[PDB]
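Encoded as C-alpha coordinates, the following chain is the form solved without this ligand, with no partner shown.
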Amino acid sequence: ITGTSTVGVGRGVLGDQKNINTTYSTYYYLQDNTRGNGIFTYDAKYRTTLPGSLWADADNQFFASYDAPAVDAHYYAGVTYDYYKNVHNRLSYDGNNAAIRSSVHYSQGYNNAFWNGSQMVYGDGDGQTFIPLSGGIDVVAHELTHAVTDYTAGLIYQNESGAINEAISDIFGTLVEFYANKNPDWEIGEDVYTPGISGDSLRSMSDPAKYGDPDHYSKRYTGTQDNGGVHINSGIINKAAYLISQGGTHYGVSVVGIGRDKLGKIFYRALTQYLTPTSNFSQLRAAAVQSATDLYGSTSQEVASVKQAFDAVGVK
(Lines give C-alpha, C1' and ligand atoms only; values in the text may rest on other atoms or scores of the structure.)
Protein backbone atom coordinates (compact mmCIF):
# COMPACT_ATOMS: atom_id res chain seq x y z
CA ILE A 1 0.00 0.00 0.00
CA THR A 2 1.01 3.62 -0.61
CA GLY A 3 1.56 5.53 2.63
CA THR A 4 4.07 6.87 5.10
CA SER A 5 6.80 4.86 6.82
CA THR A 6 6.44 4.57 10.59
CA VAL A 7 7.55 2.41 13.49
CA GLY A 8 5.19 0.25 15.56
CA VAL A 9 5.91 -1.59 18.84
CA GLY A 10 4.55 -4.91 20.10
CA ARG A 11 5.42 -8.28 21.66
CA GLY A 12 6.41 -11.45 19.84
CA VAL A 13 5.32 -15.03 20.54
CA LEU A 14 7.74 -15.46 23.43
CA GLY A 15 6.60 -12.24 25.18
CA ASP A 16 9.54 -10.12 24.04
CA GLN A 17 8.98 -6.49 23.03
CA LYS A 18 10.34 -5.20 19.75
CA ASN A 19 9.88 -2.32 17.30
CA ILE A 20 8.54 -3.14 13.80
CA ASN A 21 8.58 -1.10 10.58
CA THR A 22 5.06 -0.26 9.43
CA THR A 23 3.23 1.87 6.86
CA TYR A 24 0.53 4.38 7.66
CA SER A 25 -2.50 4.97 5.46
CA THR A 26 -5.65 5.22 7.57
CA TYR A 27 -4.48 2.07 9.31
CA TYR A 28 -0.96 0.98 10.25
CA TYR A 29 0.08 -1.94 8.04
CA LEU A 30 2.82 -4.52 8.52
CA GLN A 31 4.71 -3.14 5.53
CA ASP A 32 8.44 -2.45 5.99
CA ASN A 33 9.71 0.02 3.33
CA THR A 34 13.24 0.20 4.73
CA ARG A 35 14.35 -3.13 3.23
CA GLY A 36 14.53 -3.63 -0.52
CA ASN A 37 11.18 -3.56 -2.23
CA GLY A 38 9.50 -4.12 1.10
CA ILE A 39 8.58 -6.70 3.68
CA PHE A 40 4.84 -7.50 3.87
CA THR A 41 3.11 -9.61 6.53
CA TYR A 42 -0.44 -10.91 6.09
CA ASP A 43 -3.28 -12.39 8.15
CA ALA A 44 -4.60 -15.71 6.85
CA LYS A 45 -7.31 -15.54 9.53
CA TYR A 46 -7.22 -19.25 10.38
CA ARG A 47 -7.98 -20.18 6.77
CA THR A 48 -5.74 -21.56 4.04
CA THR A 49 -6.34 -19.20 1.16
CA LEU A 50 -3.17 -17.14 0.61
CA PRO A 51 -1.88 -14.72 1.21
CA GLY A 52 -4.84 -13.24 3.09
CA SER A 53 -5.15 -9.52 4.03
CA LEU A 54 -2.15 -7.20 4.45
CA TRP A 55 -1.94 -6.94 8.24
CA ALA A 56 -3.80 -3.82 9.39
CA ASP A 57 -3.82 -2.26 12.87
CA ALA A 58 -5.55 0.87 14.13
CA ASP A 59 -2.96 2.30 16.53
CA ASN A 60 0.44 0.89 15.58
CA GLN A 61 0.69 -1.10 18.84
CA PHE A 62 0.83 -4.86 18.56
CA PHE A 63 0.54 -6.30 22.03
CA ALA A 64 -2.53 -8.44 21.50
CA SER A 65 -1.88 -12.17 21.71
CA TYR A 66 -3.38 -12.43 18.19
CA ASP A 67 -0.69 -9.94 17.04
CA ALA A 68 2.34 -11.86 18.26
CA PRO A 69 2.86 -14.26 15.35
CA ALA A 70 2.67 -11.37 12.89
CA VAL A 71 5.06 -9.27 14.95
CA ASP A 72 7.68 -12.02 14.87
CA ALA A 73 7.07 -13.07 11.26
CA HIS A 74 7.62 -9.45 10.22
CA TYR A 75 10.61 -8.74 12.50
CA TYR A 76 12.49 -11.92 11.79
CA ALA A 77 11.98 -11.57 8.06
CA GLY A 78 13.76 -8.23 8.48
CA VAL A 79 16.58 -9.78 10.48
CA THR A 80 17.03 -12.47 7.86
CA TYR A 81 17.01 -9.75 5.19
CA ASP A 82 19.77 -8.00 7.11
CA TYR A 83 21.82 -11.21 7.45
CA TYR A 84 21.89 -11.87 3.74
CA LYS A 85 22.61 -8.24 2.82
CA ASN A 86 25.28 -7.42 5.40
CA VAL A 87 26.92 -10.84 5.42
CA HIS A 88 26.65 -12.07 1.83
CA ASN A 89 25.94 -8.88 -0.09
CA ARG A 90 22.67 -10.44 -1.26
CA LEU A 91 19.55 -8.29 -1.70
CA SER A 92 16.49 -10.26 -0.69
CA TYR A 93 15.98 -13.84 -1.83
CA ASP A 94 16.26 -13.26 -5.56
CA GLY A 95 19.27 -11.00 -5.17
CA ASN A 96 17.19 -8.20 -6.68
CA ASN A 97 15.34 -6.95 -3.55
CA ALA A 98 12.17 -8.94 -4.18
CA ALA A 99 9.32 -8.08 -1.80
CA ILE A 100 9.25 -10.57 1.06
CA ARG A 101 5.76 -11.72 1.99
CA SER A 102 4.59 -13.78 4.95
CA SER A 103 1.20 -14.97 6.12
CA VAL A 104 0.43 -16.00 9.72
CA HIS A 105 -2.59 -17.62 11.38
CA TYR A 106 -2.53 -20.17 8.57
CA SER A 107 -5.23 -22.83 9.03
CA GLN A 108 -6.21 -23.99 12.56
CA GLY A 109 -3.78 -25.57 15.02
CA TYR A 110 -1.36 -26.00 12.14
CA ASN A 111 1.88 -27.51 13.39
CA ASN A 112 4.14 -26.26 10.65
CA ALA A 113 5.46 -23.55 8.33
CA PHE A 114 6.64 -23.41 4.75
CA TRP A 115 7.58 -21.52 1.62
CA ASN A 116 4.93 -22.11 -1.03
CA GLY A 117 6.96 -21.00 -4.05
CA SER A 118 6.09 -17.32 -3.53
CA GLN A 119 5.84 -16.58 0.21
CA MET A 120 6.38 -17.81 3.77
CA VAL A 121 3.46 -19.40 5.62
CA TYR A 122 3.24 -19.97 9.40
CA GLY A 123 0.80 -22.06 11.39
CA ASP A 124 -0.08 -21.20 14.97
CA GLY A 125 0.71 -24.71 16.23
CA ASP A 126 -1.82 -26.71 18.19
CA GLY A 127 -0.53 -25.03 21.34
CA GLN A 128 0.92 -28.24 22.79
CA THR A 129 3.11 -29.64 20.03
CA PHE A 130 3.88 -26.13 18.79
CA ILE A 131 3.24 -22.46 19.51
CA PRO A 132 3.09 -19.98 16.54
CA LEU A 133 6.02 -21.03 14.43
CA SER A 134 7.09 -17.50 13.47
CA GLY A 135 8.24 -17.21 17.07
CA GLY A 136 11.31 -19.16 15.92
CA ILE A 137 13.91 -17.09 14.14
CA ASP A 138 15.61 -20.27 12.90
CA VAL A 139 12.25 -21.31 11.44
CA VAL A 140 11.76 -17.95 9.74
CA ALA A 141 15.26 -17.97 8.25
CA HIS A 142 14.86 -21.65 7.29
CA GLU A 143 11.81 -20.80 5.30
CA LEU A 144 13.19 -17.70 3.58
CA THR A 145 16.36 -19.65 2.73
CA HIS A 146 14.21 -22.09 0.79
CA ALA A 147 13.39 -19.10 -1.48
CA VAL A 148 17.10 -18.28 -1.78
CA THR A 149 17.91 -21.86 -2.78
CA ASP A 150 15.02 -21.92 -5.29
CA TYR A 151 16.42 -18.79 -6.96
CA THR A 152 20.01 -20.05 -6.96
CA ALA A 153 21.02 -23.74 -7.10
CA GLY A 154 17.36 -24.71 -7.45
CA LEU A 155 17.99 -28.02 -5.65
CA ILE A 156 15.12 -30.37 -6.56
CA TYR A 157 13.08 -31.23 -3.47
CA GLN A 158 13.70 -34.99 -3.56
CA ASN A 159 16.41 -37.51 -2.50
CA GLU A 160 19.96 -36.21 -2.03
CA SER A 161 19.46 -32.84 -3.71
CA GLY A 162 16.33 -32.33 -1.61
CA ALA A 163 18.22 -33.31 1.52
CA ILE A 164 20.86 -30.72 0.57
CA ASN A 165 18.10 -28.19 0.00
CA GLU A 166 16.90 -28.91 3.59
CA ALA A 167 20.34 -28.77 5.19
CA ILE A 168 21.02 -25.47 3.46
CA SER A 169 17.88 -24.12 5.08
CA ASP A 170 18.83 -25.47 8.51
CA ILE A 171 22.37 -24.18 8.12
CA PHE A 172 21.44 -20.61 7.25
CA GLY A 173 18.48 -20.76 9.61
CA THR A 174 21.04 -21.47 12.34
CA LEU A 175 23.60 -18.95 11.09
CA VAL A 176 20.87 -16.28 11.17
CA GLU A 177 19.93 -17.25 14.76
CA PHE A 178 23.56 -16.86 15.77
CA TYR A 179 23.58 -13.56 13.91
CA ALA A 180 20.69 -12.24 15.94
CA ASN A 181 22.64 -13.75 18.81
CA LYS A 182 19.66 -14.58 20.99
CA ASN A 183 20.04 -17.99 22.67
CA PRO A 184 21.71 -19.40 19.53
CA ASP A 185 22.19 -23.12 19.07
CA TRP A 186 22.57 -25.83 16.41
CA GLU A 187 19.04 -27.12 17.03
CA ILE A 188 16.05 -26.26 14.85
CA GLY A 189 12.73 -24.87 16.09
CA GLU A 190 13.42 -25.13 19.82
CA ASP A 191 11.84 -21.75 20.54
CA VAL A 192 8.42 -22.87 19.30
CA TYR A 193 8.36 -26.63 19.89
CA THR A 194 6.61 -28.31 22.84
CA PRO A 195 6.27 -25.40 25.24
CA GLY A 196 5.76 -27.96 28.02
CA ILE A 197 9.04 -29.84 27.39
CA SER A 198 12.35 -28.04 27.80
CA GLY A 199 15.53 -28.83 25.87
CA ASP A 200 14.09 -30.57 22.78
CA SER A 201 13.71 -29.54 19.13
CA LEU A 202 12.71 -30.93 15.73
CA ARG A 203 16.24 -31.58 14.50
CA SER A 204 19.75 -31.34 15.84
CA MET A 205 22.67 -30.32 13.65
CA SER A 206 25.30 -31.21 16.27
CA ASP A 207 23.86 -34.70 16.83
CA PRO A 208 21.24 -35.60 14.25
CA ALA A 209 20.86 -39.04 15.85
CA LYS A 210 19.10 -37.32 18.82
CA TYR A 211 15.91 -37.30 16.75
CA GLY A 212 16.55 -40.38 14.65
CA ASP A 213 18.25 -38.61 11.75
CA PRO A 214 21.35 -40.20 10.17
CA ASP A 215 24.73 -38.63 10.87
CA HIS A 216 26.60 -40.76 8.30
CA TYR A 217 26.10 -41.75 4.68
CA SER A 218 25.96 -45.39 5.71
CA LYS A 219 22.78 -44.54 7.63
CA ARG A 220 20.91 -42.78 4.82
CA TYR A 221 17.20 -43.37 4.28
CA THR A 222 16.37 -44.85 0.86
CA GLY A 223 12.61 -45.22 1.10
CA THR A 224 10.12 -42.92 -0.54
CA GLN A 225 8.62 -41.19 2.48
CA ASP A 226 9.31 -37.49 3.05
CA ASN A 227 10.21 -37.06 -0.61
CA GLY A 228 12.93 -39.67 -0.19
CA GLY A 229 13.71 -38.45 3.33
CA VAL A 230 14.76 -34.89 2.62
CA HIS A 231 14.21 -34.03 6.28
CA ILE A 232 16.02 -37.18 7.34
CA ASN A 233 19.16 -37.42 5.26
CA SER A 234 19.64 -33.70 5.82
CA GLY A 235 21.24 -34.75 9.12
CA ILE A 236 24.26 -36.09 7.23
CA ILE A 237 24.86 -32.65 5.72
CA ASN A 238 23.85 -30.77 8.90
CA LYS A 239 26.41 -32.83 10.77
CA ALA A 240 29.07 -32.03 8.21
CA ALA A 241 28.30 -28.33 8.43
CA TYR A 242 28.38 -28.46 12.21
CA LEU A 243 31.77 -30.15 12.15
CA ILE A 244 33.21 -27.69 9.63
CA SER A 245 32.26 -24.83 11.98
CA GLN A 246 32.76 -26.32 15.40
CA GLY A 247 35.11 -29.21 14.74
CA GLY A 248 35.13 -32.51 16.63
CA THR A 249 35.89 -36.21 16.16
CA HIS A 250 33.08 -38.20 14.50
CA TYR A 251 33.25 -42.01 14.16
CA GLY A 252 36.98 -41.61 14.67
CA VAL A 253 37.42 -38.86 12.09
CA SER A 254 38.75 -35.59 13.51
CA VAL A 255 37.74 -32.22 12.06
CA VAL A 256 39.31 -28.86 12.89
CA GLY A 257 36.48 -26.31 13.04
CA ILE A 258 36.89 -22.99 11.20
CA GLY A 259 34.03 -21.11 12.82
CA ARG A 260 30.55 -20.05 11.68
CA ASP A 261 31.40 -17.16 9.38
CA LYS A 262 33.69 -19.26 7.15
CA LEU A 263 31.12 -22.07 7.17
CA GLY A 264 28.67 -19.45 5.98
CA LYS A 265 30.97 -18.05 3.29
CA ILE A 266 31.80 -21.49 1.99
CA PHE A 267 28.23 -22.81 1.80
CA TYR A 268 26.82 -19.55 0.43
CA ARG A 269 29.34 -19.70 -2.38
CA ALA A 270 28.67 -23.39 -3.05
CA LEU A 271 24.97 -22.61 -3.10
CA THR A 272 25.19 -19.67 -5.49
CA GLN A 273 28.08 -20.67 -7.75
CA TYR A 274 28.41 -24.45 -7.96
CA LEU A 275 25.37 -26.42 -6.83
CA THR A 276 22.77 -27.31 -9.49
CA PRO A 277 19.18 -28.67 -9.29
CA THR A 278 20.38 -32.27 -9.29
CA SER A 279 23.49 -32.02 -7.13
CA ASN A 280 23.93 -35.09 -4.95
CA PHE A 281 25.92 -35.43 -1.70
CA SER A 282 29.24 -36.19 -3.34
CA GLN A 283 28.72 -33.25 -5.70
CA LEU A 284 28.06 -31.06 -2.69
CA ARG A 285 31.39 -32.10 -1.26
CA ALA A 286 33.19 -31.08 -4.44
CA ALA A 287 31.31 -27.76 -4.54
CA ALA A 288 32.22 -26.97 -0.94
CA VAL A 289 35.84 -27.91 -1.54
CA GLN A 290 35.99 -25.70 -4.62
CA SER A 291 34.29 -22.94 -2.67
CA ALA A 292 36.80 -23.17 0.15
CA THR A 293 39.59 -23.24 -2.42
CA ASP A 294 38.35 -20.12 -4.18
CA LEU A 295 38.03 -18.35 -0.86
CA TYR A 296 41.05 -19.54 1.11
CA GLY A 297 43.46 -21.33 -1.19
CA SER A 298 44.01 -24.98 -2.08
CA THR A 299 46.44 -25.43 0.82
CA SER A 300 44.17 -23.82 3.41
CA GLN A 301 43.08 -25.32 6.70
CA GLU A 302 39.64 -24.38 5.46
CA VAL A 303 39.80 -26.70 2.46
CA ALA A 304 41.32 -29.39 4.66
CA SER A 305 38.59 -29.01 7.24
CA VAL A 306 35.89 -29.28 4.59
CA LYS A 307 37.40 -32.59 3.42
CA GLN A 308 37.68 -33.90 6.98
CA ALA A 309 34.05 -33.08 7.68
CA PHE A 310 32.75 -34.89 4.59
CA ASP A 311 35.09 -37.77 5.34
CA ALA A 312 33.61 -38.00 8.80
CA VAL A 313 30.00 -38.27 7.53
CA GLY A 314 31.08 -40.84 4.91
CA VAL A 315 30.59 -38.64 1.86
CA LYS A 316 33.41 -38.88 -0.67
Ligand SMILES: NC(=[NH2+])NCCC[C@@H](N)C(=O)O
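A residue's number is simply how far along the shown sequence it sits, counting from 1.
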90-98 versus 112-120 - greater average Cα B-factor per the deposited record: 90-98
197-205 versus 159-167 - greater average Cα B-factor per the deposited record: 197-205
From 107, 129, 145, 234, residue of greatest CA B-factor: 234
Highest-ranked of 264, 252, 52, 38 once sorted by CA temperature factor in the record: 252
Chain-relative CA temperature factor third for residue 242: middle
Record-listed C-alpha B factor of residue 78: chain third: lowest
B-factor third for the C-alpha atom of residue 20 within its chain: lowest
Residue 303 - which third its CA temperature factor falls in, relative to the rest of the chain: middle
Within-chain third of residue 309 by Cα B-factor, per the entry: highest
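Here the subject shifts to the form solved in complex with this ligand, a form of this protein not shown in this document.
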Non-hydrogen atom contact residue 232 with this ligand in the bound PDB entry at 4.5 angstroms: yes
Those residues of 181-204 which, in the bound PDB entry, come within 4.5 Å of this ligand by heavy atom: 193, 201, 202, 203
